[PDB]
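Here the structure is laid out as structure tokens; the discussion comes afterwards.
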There are 4 protein chains.
Amino acid sequence: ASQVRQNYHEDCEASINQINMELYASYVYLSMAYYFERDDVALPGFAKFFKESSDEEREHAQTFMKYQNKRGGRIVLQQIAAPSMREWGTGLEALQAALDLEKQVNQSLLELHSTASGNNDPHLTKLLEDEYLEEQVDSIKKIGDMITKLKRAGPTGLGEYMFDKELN
Amino acid sequence: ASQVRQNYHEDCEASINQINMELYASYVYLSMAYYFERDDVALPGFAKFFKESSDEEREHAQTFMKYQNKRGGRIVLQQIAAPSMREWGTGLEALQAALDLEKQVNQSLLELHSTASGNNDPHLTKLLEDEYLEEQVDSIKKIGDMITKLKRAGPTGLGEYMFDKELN
Amino acid sequence: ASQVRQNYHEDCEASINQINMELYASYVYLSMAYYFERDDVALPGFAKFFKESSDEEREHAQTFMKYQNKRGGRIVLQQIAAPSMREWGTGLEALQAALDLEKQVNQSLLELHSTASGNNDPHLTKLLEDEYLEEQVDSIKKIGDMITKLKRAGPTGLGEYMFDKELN
Amino acid sequence: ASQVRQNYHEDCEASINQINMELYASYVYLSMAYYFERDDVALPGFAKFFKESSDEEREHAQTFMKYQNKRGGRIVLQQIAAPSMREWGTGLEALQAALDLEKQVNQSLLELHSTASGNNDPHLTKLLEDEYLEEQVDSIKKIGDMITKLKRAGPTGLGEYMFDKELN
Ligand SMILES: [Fe+3]
Ligand SMILES: [Fe+3]
Ligand SMILES: [Fe+3]
Ligand SMILES: [Fe+3]
Ligand SMILES: [Hg+2]
Ligand SMILES: [Hg+2]
Ligand SMILES: [Hg+2]
Ligand SMILES: [Hg+2]
């Protein structure tokens, strides 16, 4: 094993290899970002919001890869599936898909925390609490807020046009 | 009595112990402020306005406590009643309740001015005029304007969204 | 349930609504602060120390309210009970009551942490460790030191006068 | 009468000619200020405190002289009586005499306010409330505080020496 490896169970190492999910989350949001720059969609505020979301998921994946190396695990990269859905529809329908996605990632993150806790890895539980679970709750609450605000503004038409601008 | 007490009636001293009313009004606005940060409400402009209102009612109570000590009275702190509701409805409904609350505090402040006048305490009538009654009238006028503007913008829907931005 | 709620058990949500206990603590220390500005007490250093304590305790409560909303729980505000006393005695007696109130809050916060651990909510255990338990131990240690310093300086008379200046 | 006098009653004009009382209080504090600079007293903080008090009482008299002229009345100066004592005792005893004199002046001001109210002179009641009664209550609270602090420090000996310093 690695000269650095210590108290790092093979179950966590393989669970970390979550990297693929973060990269998938990054790619969903990249799809969303450029869907909204379409000449027949033209929602630059949503575009910028999802471009940033895509960058952050990719960084989240890179922190996990860096963590793999710190502990002596070995990174195994797999293919990144494309989103099954290309036409995200309205801004509200994209936000509802992002909420669900943000929410599947956080379940995965909470499952990896339970694995880490069961195998008495406090370095891993600390990482997850400080670098991931905190960000995930903020992101989910934010998107919820955005959904509520867009339904108030009027999920389609003028309210969608005005909500996009406060988002730019 | 206190070595500093002079021309200070025990009825005014009891009426000042108004301190409880200000703290309650501060507690109503704190309730409103965080209600507007719910993920299913998300009115960040209403939230801020009522966060500022809550701080500045609490400062009102502290100026009364300091006054109590200045004149040689003794501060008796009572329980702060829970705010009359959990949920405050629309932003319009919350402005209406704040208007009702502001006029109730004004009426209490005017009654304390009458007691102070009746017992020939010009230092108290000065306090109430310069530090409370002026700002109460200004506050009541502000909230009334805001109610008129929000009814104009359309008390619900896009108008509430756009009026909230104004207020942020 | 809220669109954002996940892994948020109803017992933790009820226990968070700790908010009331924070607000009560804020109200005890506000009572202390203005007691020490009485013309027959005049301890401006103690007064400043407890004004600041009262601000901090109200901020802790607001962070619990902001937290209740992040997780999708609902804030249920409560009456704030009067401080058990009008008058707090010597500066030492006020410090001793504060130490005891700080330990009572710490026990409550430890109990909330237990229930959060038992229901496998690491986002909430992180909140409690990073935002409350650390500060709580530092505050208790601080008041311990002060009690020791004030007994050394001579809890009454000139020593209390000199200790108070060091606190201003 | 003057080209300016309007709603100015003769008994208020004679009550303002308070000028003499302010000048006497100024002279008392001038006596205290230099008493505390005697080589066998040597209390520079008390000395500075009373120097400033004497300056401020003189300004109060001057504002009344200006006020007399503003209203069309005529200033009649009278003999300024000597302070009743050459020597003021301990620091505590000087503060007690000053408290007594602050309350005698305050009472005189309150009687002039009643006179002004009975003759429906709101210009003069505003003068009194804003330029004298407010500063008078603050002065009395301050001196009250100082007396309690000095008794706490230990009205004589080391405590008197330390308290004078915090006053410097
Ligand atoms: Fe992520
Ligand atoms: Fe107020
Ligand atoms: Fe706290
Ligand atoms: Fe004066
Ligand atoms: Hg593991
Ligand atoms: Hg009264
Ligand atoms: Hg729980
Ligand atoms: Hg008069």
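Mind listing whichever residues of the stretch B:74-116 are closer than 30 Å to D:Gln136 by Cα, part of a helix (DSSP H, G or I) and not hydrophobic (A, V, I, L, M, F, W, C)?
Matches in the stretch B:74-116: B:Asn106, B:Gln107, B:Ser108, B:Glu111, B:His113, B:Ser114, B:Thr115.
Each residue in the stretch A:1-21 was checked for being over 14 Å from A:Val76 (Cα atoms) and not aliphatic (A, V, I, L, M), and 7 pass.
The helices (runs of 4 or more DSSP H) falling completely within the stretch C:118-168 that include 1 or more residues that are small (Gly, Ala, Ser) map to C:134-153, C:158-167.
Residues that are touching a helix residue (DSSP H, G or I) at 6+ places or on another chain (Cβ under 7 Å) and assigned to a loop (DSSP other than H, G, I, E, B) were ranked within the stretch D:34-73; the one that is nearest to ligand 7 (Cβ to nearest atom) is D:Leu43.
Selection of the stretch C:114-144 for residues being farther than 19 Å from A:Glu131 by Cα and within 16 Å of ligand 5 (Cβ to nearest atom) yields an empty set. Per this entry, B:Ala116 is counted among residues that are among the aliphatic types (A, V, I, L, M), farther than 17 Å from B:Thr90 by Cβ and surrounded by 14 or more Cβ atoms within 10 Å (Cβ to Cβ).
For the stretch C:1-17, filtered to residues that are under 24 Å from the mean Cα position of the chain (by Cα) and among the charged types (D, E, K, R), the residue that is surrounded by the fewest Cβ atoms within 10 Å (Cβ to Cβ) is C:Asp11. Kindly establish whether C:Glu59 is among the charged types (D, E, K, R) and farther than 30 Å from D:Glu166 by Cα. Here the answer is yes, as C:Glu59 does meet what is asked.
Report yes if some residue within the stretch B:113-134 is of a type in the set (D, E, K, R) and farther than 30 Å from C:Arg86 by Cα; otherwise report no. Don't jump to the end; show me each part of the working.
Of the stretch B:113-134, the ones of a type in the set (D, E, K, R) are B:121, B:126, B:129-131, B:134.
When the remaining residues are screened for being farther than 30 Å from C:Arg86 by Cα, the result is B:134.
There is at least one residue in the stretch B:113-134 that is of a type in the set (D, E, K, R) and farther than 30 Å from C:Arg86 by Cα.
Here is a yes/no grid of residues against (1) closer than 30 Å to B:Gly118 by Cα; (2) small (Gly, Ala, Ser); (3) in contact with a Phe, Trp or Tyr (Cβ under 8 Å, 6 or more places away or on another chain):
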residue	(1), (2), (3)
D:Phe46	no, no, yes
D:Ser54	no, yes, yes
D:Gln62	no, no, no
D:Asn106	yes, no, no
D:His113	yes, no, no
D:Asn119	yes, no, no
D:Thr125	yes, no, no
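When every residue of the stretch C:45-68 is checked against the conditions, none turns out to be over 18 Å from C:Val137 (Cα atoms), buried (at least 18 other Cβ atoms within 10 Å of the Cβ), more than 16 Å from ligand 3 (Cβ to nearest atom) and more than 14 Å from chain D (Cβ to nearest Cβ). Taking the conditions exactly as written (buried (at least 21 other Cβ atoms within 10 Å of the Cβ), farther than 28 Å from B:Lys126 by Cβ and within 10 Å of another protein chain (Cβ to nearest Cβ)), does D:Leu150 satisfy them or not? Yes; evaluated as a whole, the condition is true for this residue.
Let's see how each residue does on (1) within 16 Å of ligand 4 (Cβ to nearest atom); (2) of a type in the set (S, T, N, Q); (3) over 19 Å from B:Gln3 (Cβ atoms):
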residue	(1), (2), (3)
D:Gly91	no, no, no
D:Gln96	no, yes, no
D:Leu101	yes, no, no
D:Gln107	yes, yes, no
D:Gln136	yes, yes, no
D:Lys142	yes, no, no
D:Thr148	no, yes, no
D:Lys151	no, no, no
D:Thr156	no, yes, yes
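Flag: C:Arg38 matches the condition of being closer than 30 Å to D:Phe163 by Cα, at the interface with another protein chain (Cβ under 10 Å from one of its Cβ atoms) and basic (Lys, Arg).
Just checking, how many residues over the stretch C:69-98 are acidic (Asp, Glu) and more than 9 Å from chain B (Cβ to nearest Cβ)?
Looking only at that region, the number is 1.
Where a number appears in this text, it was derived from the coordinates with a stated rule and is not lab data. So basically every Cβ, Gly included, is an ideal-geometry build from the backbone, and we count neighbours across all protein chains shown.
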